Protein chains: 2
Amino acid sequence: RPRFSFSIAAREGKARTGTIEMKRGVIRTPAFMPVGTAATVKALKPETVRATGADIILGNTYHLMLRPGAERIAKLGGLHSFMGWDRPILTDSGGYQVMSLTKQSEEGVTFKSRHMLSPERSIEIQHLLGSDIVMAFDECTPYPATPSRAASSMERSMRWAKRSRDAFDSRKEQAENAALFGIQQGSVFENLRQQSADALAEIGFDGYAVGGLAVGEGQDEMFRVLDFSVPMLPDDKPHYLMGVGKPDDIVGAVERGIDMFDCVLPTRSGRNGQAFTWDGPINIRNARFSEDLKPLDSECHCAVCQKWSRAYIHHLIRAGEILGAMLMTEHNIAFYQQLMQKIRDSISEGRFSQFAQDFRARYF
Amino acid sequence: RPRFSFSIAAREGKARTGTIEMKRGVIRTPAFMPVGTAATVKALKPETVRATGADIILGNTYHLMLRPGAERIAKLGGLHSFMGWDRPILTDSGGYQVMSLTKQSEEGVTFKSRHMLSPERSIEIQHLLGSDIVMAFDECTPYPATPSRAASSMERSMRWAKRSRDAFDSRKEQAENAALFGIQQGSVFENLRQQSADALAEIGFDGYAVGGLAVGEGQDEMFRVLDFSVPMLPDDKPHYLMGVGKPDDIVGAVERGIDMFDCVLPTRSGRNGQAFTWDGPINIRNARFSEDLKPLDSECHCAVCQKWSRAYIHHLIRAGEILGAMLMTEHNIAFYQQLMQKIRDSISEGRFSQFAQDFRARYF
Ligand SMILES: CNc1nc2cc3c(=O)[nH]cnc3c(CCNCC3CCCC3)c2[nH]1
Ligand SMILES: CNc1nc2cc3c(=O)[nH]cnc3c(CCNCC3CCCC3)c2[nH]1
Ligand SMILES: [Zn+2]
Ligand SMILES: [Zn+2]
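Residues numbered from 1 in each chain as written, not as in the entry; some residues may be left out. Chains lettered and ligands numbered in written order. Heavy atoms only, no water. Residues with missing side-chain atoms left out of burial classes, pairs and counts.

Structure determination for the deposited model, as stated in its record, used X-ray crystallography, and the stated resolution is 1.57 Å.

Next comes the structure, spelled out in structure tokens:
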């Protein structure tokens, strides 16, 4: 396999389906990337994550850089060996959680013990973790933002994107074996999104993320911004929407040209008792499920739905049992993978628009 | 398979190895029975519990009778279907936790919402759960106890044992498909243990437990009491030591004629960071393990020891990750199963005394 190859096998409107080939494996697009901790996903073994159909996971750089430490993980053989996940891993730059979870400067961000995270350190940390897809270090502009603040922020991010590029390229091992994605900013403003797209393509990346969304604007506004923003990115490279989202968000985003997604929702939801189904989410804690012998979802192919009832999982979750978290998480991640499979196959067959419509009608 | 058949295949001194055949499967003795919740074991899938080598699990009657309720579990198809464990389950009578975790009378025990647990209700609850091995309802005498209190308590327990027997036998389905064990009491007093053994054998049970130990007396005293107490039980029936114990306790108990064990230690320990090894327990939280790439135990055949390092599990546990609980629990239950396998094979081969000595020398 090559370091990085994206191939589009089929199209429908702005939607695309294909594959990313990397040294550690192939990624089917549109892709959902489960988000971890030190665990590939909370409460799942790597073999379980794979079994649900994931081709790639998102490594939680912010968590790992604090404990156990990136240097330590490198000393131990890198994140893949540590975790026991031998397929691709995309690492976040760690800035979103830093700024979310502090003193900003052109150098980077200082945060509390106290540390500085700059584009160079971020790229270095991702290298130490042994990331396959490295994210440039950026600033996710708060929402709402005035045009001036949005432009200032975006401009800084583009300068950081160039620093990210140069840091990546100066490291031979990383440059030859990993890929680097740039992230578009500009809040909700068409002109700033265009400037950002142009700056990133001038620098040149292996893939392009749409940043700065799913930060409070709501689905209509996010879709409006995606409508003009994704066509500004190079068509022949993958498009990654960061931090999205609910099933309906993912479908509408694919309709707008997005190829890759990450979100904590299936795990967070699941730990909290929310299960995804083709008829909408359900909250398994509700008394209505205490004697319901049906699986979480009637059609789901996951091991959980093959083996246990709603009634059992209802009891586990109300009792605070770890096994309830395990089973809910496996189901919800499997559900997300089945959604992505359905999306890929429908695009491949030229019937994605009908799938999107049937999906929504039933889900809502 | 028969309802219940115990066969002794080999002996060494007072130690025995054999099998219990039941309708839902065969149990290799000496046996360790992992203890659950609504989960066969906390943080494990039933398939994982089986994979570690368990032939039978202990159903936590006290927990289940409160939530979700025995009637509900019966409505849902019984505990085996609810949990997804299709092999034998031994259920506790629920009194130990009631008295541990209240107003005592000849009828039973009342406890807080408020309820009464009597021998008849206990047998009924175990029936509703669909237990394969039913325990008589008894009183675990506190330690220390004066001879008069020990005798009073023991006498009551023997009366409850007869009520337990009659309640079990009056229920046709239970009598034909499950087994019933009686429990010996008498604190540390030889004469009361003998009276208890005699009362139980006069009633007649499928197996006999040694109750009233591992309640604060310490290993020397427990072994002293086992020395005279186990030979009082029928030789041709299984001997169950309730609530024991650490690996060293199990070995010494088998040397004294015990065939079956239950304890929460491998799960509790494991969730707390204690891993069992052939060189003794280790606490994986200790800084000494933060960069140790060896498995939890050098010889262990479990999936955890095949796949992850001490260093990784150290991080998981310190981070409070569910996956750390999962992995520690799987290892410790596997460790207990491997100990029991080593015990069975050494008895079978006539070298249990040498195994007991090598085990202790290395473990301590
Ligand atoms: C939910 N909305 C959301 N919006 C986001 C915008 C951005 C951006 O503009 N740049 C970078 N990252 C962004 C992120 C982070 C995406 N997930 C990172 C995971 C790693 C471990 C835990 C989370 C966003 N998330
Ligand atoms: C640790 N010492 C100990 N000593 C015990 C004496 C007795 C007795 O004399 N009779 C009955 N049960 C007894 C028990 C209970 C044995 N485990 C039951 C499990 C079900 C779910 C959680 C625990 C004892 N445990
Ligand atoms: Zn499912
Ligand atoms: Zn192990």
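Asker: Explain the interface of chain A and chain B residue by residue, including any values.
Answerer: Each partner contributes to the interface: chain A provides 29 residues, whereas chain B provides 29 residues. Taken together, the elements giving at least two residues each to the side of chain A that touches chain B come down to helix 4 (79-83), helix 14 (310-318) and helix 15 (322-348) of chain A. Looking at which element gives the most residues to the side of chain A that touches chain B, the answer is helix 15 of chain A, with six residues. Classifying every residue of the side of chain A that touches chain B by side-chain character gives 19 nonpolar, four polar and six charged. (Contact = heavy atoms within 4.5 Å. Helix = DSSP H or I, 4+ residues; strand = E, 2+ residues; numbered from the N terminus. Nonpolar A, V, L, I, M, F, W, Y, C, P; charged D, E, K, R; others polar.)

Asker: Run through the pattern of salt bridges, naming residues and quoting values.
Answerer: Residues and elements named next belong to chain A. Applying the stated criterion across every chain, the model contains 48 salt bridges over all chains. The salt bridge involving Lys294 is made with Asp292; its shortest N-O contact spans 2.8 Å. A residue is classified by how much of its surface remains accessible, and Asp292, at 11% relative accessible area, is buried. In this structure, the salt-bridge partner of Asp292 is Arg310, at a minimum N-O distance of 2.9 Å. Separated by 18 residues along the polypeptide, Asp292 in the loop between strand 16 (282-283) and helix 13 (303-307) and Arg310 in helix 14 bring together distant segments of the chain. Both residues of the pair, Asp292 and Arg310, belong to the buried class. Taken together, the shared-partner salt bridges connect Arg11, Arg16, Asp235 and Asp259 into one network. (Salt bridge = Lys/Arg side-chain N within 4 Å of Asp/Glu carboxyl O. Buried < 20%, exposed > 50% of the residue type's maximum accessible area, 1.4 Å probe, protein only.)

Asker: For the coordination of the zinc ion (ligand 4), give the residues involved together with the corresponding values.
Answerer: Residue and element names in this part refer to chain B. At 2.2 to 2.3 Å from the zinc ion (ligand 4) lie its protein donor atoms, namely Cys300 (SG), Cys302 (SG), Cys305 (SG) and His331 (ND1). As a motif over one chain, the donors of the zinc ion (ligand 4) read C-x1-C-x2-C-x25-H. By relative accessible area, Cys302 is classed as buried at 6%. (Donors = N, O, S within 2.8 Å, 3.2 Å for Na, K, Ca; no water.)

Asker: Residue-level account of unusual backbone geometry, with values.
Answerer: All names here are of chain A. Residue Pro144 is reached from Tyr143 by a cis peptide bond, and omega for that bond is -5°. Within the secondary structure, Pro144 is located in the loop between strand 10 (133-135) and helix 7 (147-169). Looking along the chain, the bond that leaves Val244 and enters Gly245 is cis, with omega of 5°. Although it is not a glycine, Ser187 sits at a positive phi angle of roughly 50°. Counting through the fold element by element, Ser187 comes out in the loop between strand 11 (179-184) and helix 9 (190-203). Accessibility expressed as a relative area gives 4% for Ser187, which makes it buried.

Asker: Can you break down the pairing of strand 14 (residues 260-263) of chain B residue by residue, with the values?
Answerer: Residue and element names in this part refer to chain B. On strand 14, burial covers both faces: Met260 and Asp262 on one face and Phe261 and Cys263 on the other are all buried. Two strands pair when backbone bridges link them, and strand 4 (residues 31-34) and strand 14 are joined in this way by four bridges, in the parallel orientation. Of the residues in strand 14, the one forming a bridge with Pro34 is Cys263. Two strands pair when backbone bridges link them, and strand 13 (residues 239-241) and strand 14 are joined in this way by two bridges, in the parallel orientation. Counted as the bridge partner of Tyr240 is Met260 from strand 14. (Pairing = 2+ DSSP bridges.)

Asker: Tell me what's going on with the packing of aromatic side chains, and back it up with residues and numbers.
Answerer: What the rule picks out here adds up to 24 aromatic pairs over all chains. Note on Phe137(B) and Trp160(B): the rings are 5.0 Å apart at their centroids and 35° apart in plane angle, and the pair reads as tilted. Taken together, the residues span a long stretch of sequence, with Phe137(B) in the loop between strand 10 (133-135) and helix 7 (147-169) and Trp160(B) in helix 7 at a distance of 23 residues. Summarising the aromatic geometry, the rings of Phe205(B) and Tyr208(B) are spaced 6.1 Å apart at their centres and angled 85° between planes, so their arrangement reads as edge-to-face. Residue class for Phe205(B) comes out buried when judged on its relative accessible area of 2%. What links up through ring pairs into an aromatic cluster is the set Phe32(A), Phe276(A), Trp278(A), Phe335(A), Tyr336(A), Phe355(A), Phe359(A), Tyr363(A) and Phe364(A). The aromatic ring of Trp278(A) is capped on one face by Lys342(A), whose charged end is 5.0 Å from the ring centroid. The side chain of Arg256(B) reaches across the aromatic face of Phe223(B), ending 4.0 Å from its centre. (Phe/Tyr/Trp six-rings, centres within 6.5 Å; stacked < 30°, edge-to-face > 60°. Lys NZ or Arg CZ within 6 Å of the ring centre and 35° of its normal.)

Asker: Lay out the relation of the copies chain A and chain B in plain terms, naming residues and giving numbers.
Answerer: The transformation that overlays chain A on chain B combines an axial shift of 0.0 Å with a rotation of 180°, and the residual RMSD is 0.0 Å. Such a combination of rotation and displacement between the chain copies is what one expects of a two-fold axis. In terms of C-alpha distance to the rotation axis, chain A has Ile322(A) as its closest residue, with the C-alpha 3.5 Å off the axis. (Least-squares fit on C-alpha atoms.)

Asker: Give a detailed account of the UniProt feature "binding site: Zn(2+)" in chain A, specifying residues and quantitative values.
Answerer: All names here are of chain A. The feature "binding site: Zn(2+)", as annotated in UniProt, sits at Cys300, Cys302, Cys305 and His331 in this numbering. A compact arrangement is adopted by the annotated residues: their sequence extent is 32 residues, whereas the largest C-alpha distance between any two is 8.3 Å. Looking at the secondary structure, you find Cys300 in the loop between strand 16 and helix 13. Overall, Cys300 belongs to the buried group, its relative accessible area being 10%. Here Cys300 is in contact with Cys305, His331 and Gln338, once residues within four sequence places are set aside. Within the secondary structure, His331 is located in helix 15. Residue classification places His331 among the buried residues on the basis of a relative accessible area of 0%. (UniProt positions renumbered as here; feature names shortened; annotations may be inferred.)

Asker: Tell me what's going on with the side chain of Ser164(B), and back it up with residues and numbers.
Answerer: Mapped onto the elements of the fold, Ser164(B) is located in helix 7. Leaving out residues up to four positions away in the same chain, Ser164(B) has contacts with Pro119(B), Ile123(B), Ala136(B), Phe137(B) and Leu180(B).

Asker: A description of helix 11 (residues 247-255) of chain B should follow, citing residues and the corresponding values.
Answerer: Residues and elements named next belong to chain B. Among the nine residues that make up helix 11, eight are buried, leaving the element largely enclosed by the rest of the structure. All of the buried residues along helix 11 are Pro247, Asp248, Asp249, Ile250, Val251, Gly252, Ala253 and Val254. Taken from the residues just after helix 11, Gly257 is the one with a positive phi, measuring 100°.

Asker: Before we move on, could you go through the site of ligand 2 and cite the residues and values that matter?
Answerer: Residue and element names in this part refer to chain B. Among the 17 residues in the neighbourhood of ligand 2, the closest are listed as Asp138, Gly212, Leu213, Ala214 and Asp262. One of the side-chain nitrogen or oxygen atoms of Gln185 is found 2.9 Å away from an oxygen atom of ligand 2. In the complex, 89% of the free accessible area of ligand 2, which totals 560 Å², lies under the protein chains. Residue composition of the shell around ligand 2, by class: eight nonpolar, six polar and three charged. (Near = heavy atom within 4 Å. Polar contact = N/O pair within 3.5 Å; in protein donor to acceptor, adjacent residues only side chain to side chain. Areas by Shrake-Rupley, 256 points an atom, 1.4 Å probe, with all protein chains shown as cover.)

Asker: I'd like a rundown of the coordination of the zinc ion (ligand 3), residues and numbers included.
Answerer: Residues and elements named next belong to chain A. Distances from the zinc ion (ligand 3) to its protein donors, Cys300 (SG), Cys302 (SG), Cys305 (SG) and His331 (ND1), fall at 2.2 to 2.3 Å. Each of the four donor atoms around the zinc ion (ligand 3) contributes to a set of angles spanning 99 to 117°, which defines the coordination as tetrahedral. Counting the intervening residues between successive donors of the zinc ion (ligand 3) yields the motif C-x1-C-x2-C-x25-H. Comparing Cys302 with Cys305, the two get one shared label, buried. (Tetrahedral: all angles 85-135°; square planar, octahedral: opposite > 155°, others 65-115°.)

Asker: So what's going on with the site of ligand 1? Which residues, and what values?
Answerer: Residue and element names in this part refer to chain A. Taken together, the neighbourhood of ligand 1 is formed by 17 residues, with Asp138, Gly212, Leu213, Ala214 and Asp262 sitting nearest. At a separation of 2.9 Å, an oxygen atom of ligand 1 approaches a polar side-chain atom of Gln185. With respect to ligand 1, the backbone of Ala214 contributes an N or O atom lying 2.8 Å from a nitrogen atom. Across the complex, the protein chains shield 89% of the 560 Å² of accessible surface that ligand 1 would expose by itself. Across the shell around ligand 1, the residue classes tally to eight nonpolar, six polar and three charged.

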